[PDB]
2 protein chains.
Amino acid sequence: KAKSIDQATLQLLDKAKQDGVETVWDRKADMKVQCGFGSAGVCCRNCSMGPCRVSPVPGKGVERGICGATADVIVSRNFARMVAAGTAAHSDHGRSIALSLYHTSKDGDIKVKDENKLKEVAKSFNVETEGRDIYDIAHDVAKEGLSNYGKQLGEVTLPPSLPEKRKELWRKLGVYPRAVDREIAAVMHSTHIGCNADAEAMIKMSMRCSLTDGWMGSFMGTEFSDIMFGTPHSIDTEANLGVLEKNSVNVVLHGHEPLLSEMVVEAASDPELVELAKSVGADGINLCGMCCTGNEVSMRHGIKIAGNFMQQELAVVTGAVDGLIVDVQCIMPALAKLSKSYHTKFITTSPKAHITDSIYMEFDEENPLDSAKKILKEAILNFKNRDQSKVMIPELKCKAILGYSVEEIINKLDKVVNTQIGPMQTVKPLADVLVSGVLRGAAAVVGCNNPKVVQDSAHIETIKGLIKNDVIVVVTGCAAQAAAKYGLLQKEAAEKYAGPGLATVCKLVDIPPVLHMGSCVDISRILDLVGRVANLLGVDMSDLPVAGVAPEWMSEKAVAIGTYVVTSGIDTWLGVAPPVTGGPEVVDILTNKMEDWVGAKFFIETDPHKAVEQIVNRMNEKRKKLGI
Amino acid sequence: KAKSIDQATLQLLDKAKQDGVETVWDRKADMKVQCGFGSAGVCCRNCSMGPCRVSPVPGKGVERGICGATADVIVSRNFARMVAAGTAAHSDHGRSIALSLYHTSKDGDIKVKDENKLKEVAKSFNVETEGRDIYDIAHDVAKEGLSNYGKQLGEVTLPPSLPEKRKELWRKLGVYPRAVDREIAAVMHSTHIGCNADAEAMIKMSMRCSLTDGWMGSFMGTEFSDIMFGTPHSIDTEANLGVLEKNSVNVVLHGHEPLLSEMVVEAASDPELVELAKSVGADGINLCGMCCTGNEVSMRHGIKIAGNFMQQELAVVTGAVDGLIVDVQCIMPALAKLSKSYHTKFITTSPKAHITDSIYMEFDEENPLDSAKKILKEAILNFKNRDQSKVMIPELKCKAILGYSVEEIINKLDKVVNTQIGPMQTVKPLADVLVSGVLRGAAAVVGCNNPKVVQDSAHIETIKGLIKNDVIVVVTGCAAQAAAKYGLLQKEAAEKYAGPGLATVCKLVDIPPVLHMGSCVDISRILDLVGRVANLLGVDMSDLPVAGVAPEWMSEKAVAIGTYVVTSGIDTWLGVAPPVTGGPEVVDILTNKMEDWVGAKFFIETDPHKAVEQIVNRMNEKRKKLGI
Ligand code: SF4
Ligand code: SF4
Ligand code: SF4
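- As recorded in the entry header, the structure was determined using cryo-EM to a resolution of 2.83 Å.

- In the nomenclature of the PDB entry, chain A is known as Carbon monoxide dehydrogenase/acetyl-CoA synthase beta subunit of Clostridium autoethanogenum DSM 10061.
- In the PDB, the title recorded for this entry is "Structure of carbon monoxide dehydrogenase/acetyl-CoA synthase (CODH/ACS) from Clostridium autoethanogenum (composite structure, closed and CO-bound state)".

This is how it looks when you write it as structure tokens:
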């Protein structure tokens, strides 16, 4: 099987073979046939009476663990713990953002750059704004956001875009969210030996936990990031490994937390550091981003995107990365080993993510700019250790357009609003094109890479099929970066891949057929958008012809995302089977009974063409239900 | 090998064999050779790139997971998640207790029964008490306790018994606790794929999380339970399955949450329910407790203890249990299946612990007494379905003495205080006997049963060895219940098993050589006691000749307990190997390097006699260090 559809990826894999270094593909091959029990989710290790493995085939072999737990119980608890872990990752990201908001000041390193956005958020949090200092408002907003994480009395605060009907449905179902850390703790408590042994209740607890990610953690992280670093607008950038410069210092930012990458971008324009880069013999400083931190700095500043998850190692294989600065999440620990074969400084900066044999330079949030300058100076000084004979940068990079926040999308939609009719600054043109049938629907393509799928193949095939069927596509994360590398994030792509209705819409609004809405936490934006559409049409989000796809997901964060997208009322297709096939009841809940609960359900489909067909059929049947 | 050392357990196992029902022992046999990878902790399932298994033997086979994680990384993350799960269980228990405290009223079902204890706790939480209504104080105290769970700004509140030196050591090490749910979330975040890949940092994060269990969650749960339901004092009870009555309704309370069992005890004295029990042909109502809820009601009211963890099924095998009421934690799901073979009504009461095919009667905390009354009425009415031909209650019961809270221990120690010297109401007599060497030390025996060990064998052998070596023993949980069944919780036991110094101390103070300090959350009491001793001697808790033992542990809660006991500075012996042998670095950290950080470390010893010898040697070493 081919390892990737990306030519630059293939060239660097040949180079890695020539250099005698191992990749994620090599380790996947070394793992050989993976354990069937773990793959089906019928293995349990929740107590030291175990490990227990029960048969993935009902009626044969061992039926219960030592405590008496069935295959359905073991599967449901394993799934719930994946959701809890994903929720924890996203919530910790949002908590750091809220703490940064709490420390903003007029003369400090972290300021308020979008005051209108802050005032709207303050309105959503019942924070007074009129005749008040902007930083007093910011601190009050940060306090309310922080209380969302750990309040023990009262109800949490949810964005106004969330329909009232969806909230009432959640309350009736018993999944209405509480404080984020409280829900994570509840899931961890109920999976403990001898607690919850009922699959339906376990799945409902996991949905309840995932809601605190989708609508509170990721949402607050995104909106506070907009407040502090600016709301994204349409902006040009370049993507894929070709963005590395042979004659410049190459600094690659990998990870998820945006404050460090924002401070590194600011430090790169420091005159002393630019002079130092010139003095070490480089033309300048070339900042490139990877994964979600790359998505953030690219959405807000046009920083070039070096690559997505399964390309991170190959970035080092070029031999041109002088510094690789990582914060947390989706940072392959093998990088520490791999950087030994090159001059690269692999720099960890977060106390949450220590990696053995990496260079640890703790990013100081109290003095973010000075700390970022010190880290960047280490990367720049490493340019003297470059071995130019080992350098091979593929001449493969692609132009991309991104920055499509909900605000930017609304601004673009204002173009097709007749001034004599109005209203302006709404999602009404999008609702109109969806209701009329010019657009069949909207689909979110999100998720990681996975060695089980030819890298980027499923993302590209799913996106092309959807836009060919007049389904407008919004992309986040590594899927968005796969689209960027391929060339879908271009206005020209409208006439090259889209169907007639979507091509007309793209021409009228002057947008690409695929809209890059940011990082994984920025999936909250997608929720926001859908909610607005629903609130404009007076229906629940489960009545709309919308869907989400995770063609190549790998992370626990992806599991939590799919769970809260389904719980919000949006059908979700998974291109990688989750470890639930061992529990028939869990499969039936996720793919059949969920529709009775929240009006949406999971679809497991490993063939992208079949997934596109199923998405189109499901959207059409929801349209016929809605009468459009 | 033998299944148990308890004769009543053996008789009921013979009955279960005759009845054709399977027990935990049968399921353990069916599991056969358990997976070596999971047993060593070298299996990972944290992302869907996996499952990954690496060699438990370094230098052989597959070395890294697909992401590049080493065996040490996989082991450390698995261990950290066990700690997080145990912390979540204990913290959820304490959170329910704090909410119950917040809802106390003068004329309500839940009142304040120990005002002096509440005022001392309010002093510890900086809550004013002079000239204030008692319930206003209770509500303020509950608010402070709840803030300990989810505060995002500021420092948490810790009990005054914790030495200042231990706090400073924690701060220097970087494990000083934050809010409980925040620490659980942090641990779950750092184990996500591509985050923390450094074993030392991972272990430190797990220690930090476990501290929020030992000193905040369990501590607050215990103290608020004392405030609402009364501080335990010396009280007599009976233990083992013989406490069941053939001619009475038998109601067995299983689980951990004390509010439900307290309300059931109160409802059992209701005249209407007693009349109803008479009308169904029963002599009366016989409440019996199991596991930690049994420990709570037994400590506070002398409710008979039917048995510990691995006896729960056998309680049903008698055929005399009319109603088995369960709340959360350590409730074998197999009970539901087992209940079909008898008339027993298996009643789940908590939304956190749904069990398939059990009768669900949600315990309403808004009206706790009425809810308990209706649940108890269902149990009483089930007496008409008793089949007396299937009833076999072994005539094996044992007298026990319990109720040894720190307050009760201090009251007992006041007897050996010369009035002309004093002071009174301190732990000074205990400190004196420890310093003089009349007592060699104090050891806490805690933990569950585990089919891997002959049931109760390790508990009894460890306790007898320790008290024979003039080590006073405090017991909690299922170990305490094993001691109760065996007969160690008796004054006579002092002259039958204890060495000369401990026998003299028991005679002078009029206590058993083994002190039952309550449930698993009541291990906080042990911490409290040790802290007081340390504060009286002006030393850290790691300088004292104290130790903790978990001879037969199984639960994630036990892992968290051992972790915070070691982190507090108390050496801990584990009678069951935790899944860490696959990671050499993790083994070295837990058993060797930990002593450099916190002055204590783990000891893994599956032979109880060798464990007693090692405990005595380590205590003598610490005495020689201290000069006593
Ligand atoms: S919780 Fe039950 S099924 Fe899981 S390892 Fe423990 S005994 Fe086995
Ligand atoms: S999933 Fe379970 S059975 Fe399979 S290798 Fe891992 S621990 Fe062993
Ligand atoms: S986190 Fe790493 S070691 Fe664990 S399953 Fe995923 S790829 Fe394998």
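After presenting the structure, the write-up continues.
As for the side chain of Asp528 of chain B
Residue and element names in this part refer to chain B.
For step 1, the next point in the chain: Tracing the chain through its elements places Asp528 in helix 22 (residues 523–537).
For step 2, the next point in the chain: Classification of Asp528 by relative accessible area gives buried; the value is 8%.
For step 3, the next point in the chain: One polar contact links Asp528 to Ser161, side chain to side chain, over a distance of 3.0 Å.
For step 4, the next point in the chain: In contact with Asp528, other than residues within four places in its own chain, are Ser161, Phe219 and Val406.

Comments concerning the nonpolar core
For step 1, the next point in the chain: Ranked by internal contacts, the top residues of the largest apolar core, which has 454 residues, are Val141 and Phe224 of chain A together with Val141 and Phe224 of chain B.
For step 2, the next point in the chain: In contact with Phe224 of chain A, not counting residues within four places along its chain, are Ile97, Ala98, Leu101, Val121, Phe125, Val141 and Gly145 of chain A.

A closer look at the site of ligand 2
For step 1, the next point in the chain: Taken together, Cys35, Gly38, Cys43, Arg45 and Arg53 of chain A together with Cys35, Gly38, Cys43, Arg45 and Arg53 of chain B are the residues near ligand 2.
For step 2, the next point in the chain: Lying at an intersection of chains, ligand 2 is approached by residues of chains A and B.
For step 3, the next point in the chain: Its residues placed into classes, the shell around ligand 2 shows 4 nonpolar, 2 polar and 4 charged.

Some points on the interface of chain A and chain B
For step 1, the next point in the chain: Facing the 81 residues of chain A at the interface are 83 residues of chain B.
For step 2, the next point in the chain: Taken together, the two surfaces of chain A and chain B that pack against each other cover about 7100 Å², and 58% of this comes from carbon and sulfur.
For step 3, the next point in the chain: Here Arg182 of chain A and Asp92 of chain B are joined by a salt bridge, their closest N and O atoms 3.0 Å apart.
For step 4, the next point in the chain: Looking at the side of chain A that touches chain B element by element, the count peaks at 9 residues for helix 4 (residues 71–102) of chain A.
For step 5, the next point in the chain: Per-class residue counts for the side of chain A that touches chain B are 42 nonpolar, 21 polar and 18 charged.

Observations concerning the sheet that holds strand 15 (residues 571–574) of chain B
The strands that make up a sheet pair up through hydrogen bonds in the backbone, lying either parallel or antiparallel.
Residue and element names in this part refer to chain B.
For step 1, the next point in the chain: Taken in spatial order, the 6 strands of this open sheet run 13-12-11-14-15-16, and their pairing is parallel. Either end of the sheet is taken by a strand with one partner, and the two such strands are strand 13 (514–518) and strand 16 (602–604). Strand after strand, the sheet turns through a mean of 25° between neighbouring axes, direction not considered.
For step 2, the next point in the chain: Examined bridge by bridge, strand 12 (residues 471–476) and strand 13 share 4 bridges and lie parallel to one another. In the strand pairing of strand 13, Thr476 is matched with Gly518.
For step 3, the next point in the chain: Its contacts with the sheet place helix 19 (residues 477–486) against strand 11 (441–445), strand 12 and strand 13, and it is angled at close to 115° to strand 12.

Observations concerning the site of ligand 1
For step 1, the next point in the chain: The local shell around ligand 1 consists of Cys44, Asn46, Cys47, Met49, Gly50, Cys52, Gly65, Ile66, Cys67, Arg77 and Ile193 of chain A.
For step 2, the next point in the chain: Here the shell around ligand 1 is built from residues that sort into 7 nonpolar, 3 polar and 1 charged.

As for the sheet that holds strand 16 (residues 602–604) of chain A
Residue and element names in this part refer to chain A.
For step 1, the next point in the chain: Judged by pairing direction, the sheet is parallel, and its 6 strands sit side by side in the order 13-12-11-14-15-16 without closing on themselves. Two strands in the sheet have a free side with no partner beyond their single neighbour: strand 13 (514–518) and strand 16. The mean angle between the axes of side-by-side strands here comes to 25°, regardless of whether they run parallel or antiparallel.
For step 2, the next point in the chain: Pairing geometry for strand 11 (residues 441–445) and strand 12 (residues 471–476), over 5 bridges, is parallel. Its bridge partner lying in strand 12, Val445 is registered against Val475.

Description of the pattern of salt bridges
Side-chain pairs of opposite charge can arise where the charged atoms are in close proximity.
For step 1, the next point in the chain: Overall, the coordinates contain 83 salt bridges over all chains when judged by the stated rule.
For step 2, the next point in the chain: Put simply, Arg166 of chain A and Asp540 of chain A hold a salt bridge, and the shortest N to O gap is 2.9 Å. In this pair, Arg166 of chain A sits in helix 7 (residues 164–173) while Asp540 of chain A sits in the loop between helix 22 (523–537) and strand 14 (546–550), placing the two residues 374 residues apart along the sequence.
For step 3, the next point in the chain: On the accessibility criterion, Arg166 of chain A (0% relative accessible area) is buried.
For step 4, the next point in the chain: Of the residues examined, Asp540 of chain A reaches a relative accessible area of 6% and is grouped as buried.
For step 5, the next point in the chain: The residue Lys352 of chain B makes a salt bridge to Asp92 of chain B at a minimum N-O spacing of 3.1 Å. One end of the pair, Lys352 of chain B, is in the loop between strand 8 (345–348) and strand 9 (359–360); the other, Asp92 of chain B, is in helix 4 (residues 71–102), with 260 residues separating them in the sequence. Taken as a pair, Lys352 of chain B and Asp92 of chain B share a single burial class, namely buried.
For step 6, the next point in the chain: Look at the salt bridges and you will find they share partners, linking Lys117, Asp226, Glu296, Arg300, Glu407, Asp522 and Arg525 of chain A into a network.

Let's talk about helix 25 (residues 608–626) of chain A
Residue and element names in this part refer to chain A.
For step 1, the next point in the chain: The first and last C-alpha atoms of helix 25 sit 27 Å apart over 19 residues, in line with the 27 Å expected at 1.5 Å per residue.
For step 2, the next point in the chain: Measuring from the side-chain oxygen of the N-cap residue of helix 25 to the backbone nitrogen of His609 gives 3.2 Å; that N-cap residue is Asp607.
For step 3, the next point in the chain: Following helix 25 by one or two positions, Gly627 has its phi on the positive side, about 85°.

Some thoughts on the environment of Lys622 of chain B
Residue and element names in this part refer to chain B.
For step 1, the next point in the chain: When you line up the elements, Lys622 lands in helix 25 (residues 608–626).
For step 2, the next point in the chain: Through-space distance from the C-alpha of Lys622 to that of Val546 is 8.8 Å; in sequence the pair is 76 residues apart.
For step 3, the next point in the chain: Those residues within four positions of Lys622 in sequence are excluded, and the remaining contacts are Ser542, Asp543, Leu544, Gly569, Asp571 and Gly599.
For step 4, the next point in the chain: Within polar-contact distance, the side chain of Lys622 engages the backbone oxygen of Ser542 at 3.2 Å.

Definitions and cut-offs
Residues numbered from 1 in each chain as written, not as in the entry; some residues may be left out. Chains lettered and ligands numbered in written order. Part of a larger assembly, values for the part shown. Heavy atoms only, no water. Helix = DSSP H or I, 4+ residues; strand = E, 2+ residues; numbered from the N terminus. Buried < 20%, exposed > 50% of the residue type's maximum accessible area, 1.4 Å probe, protein only. Polar contact = N/O pair within 3.5 Å; in protein donor to acceptor, adjacent residues only side chain to side chain. Contact = heavy atoms within 4.5 Å. Core = buried A, V, L, I, M, F, W, Y, C linked by side-chain atoms within 4.5 Å. Near = heavy atom within 4 Å. Nonpolar A, V, L, I, M, F, W, Y, C, P; charged D, E, K, R; others polar. Buried area = accessible area lost by both parts, 1.4 Å probe. Salt bridge = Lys/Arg side-chain N within 4 Å of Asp/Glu carboxyl O. Pairing = 2+ DSSP bridges. Axes fitted to C-alpha atoms, helices over the stretch in contact; angles between N-to-C directions. Expected span 1.5 Å × (residues − 1).

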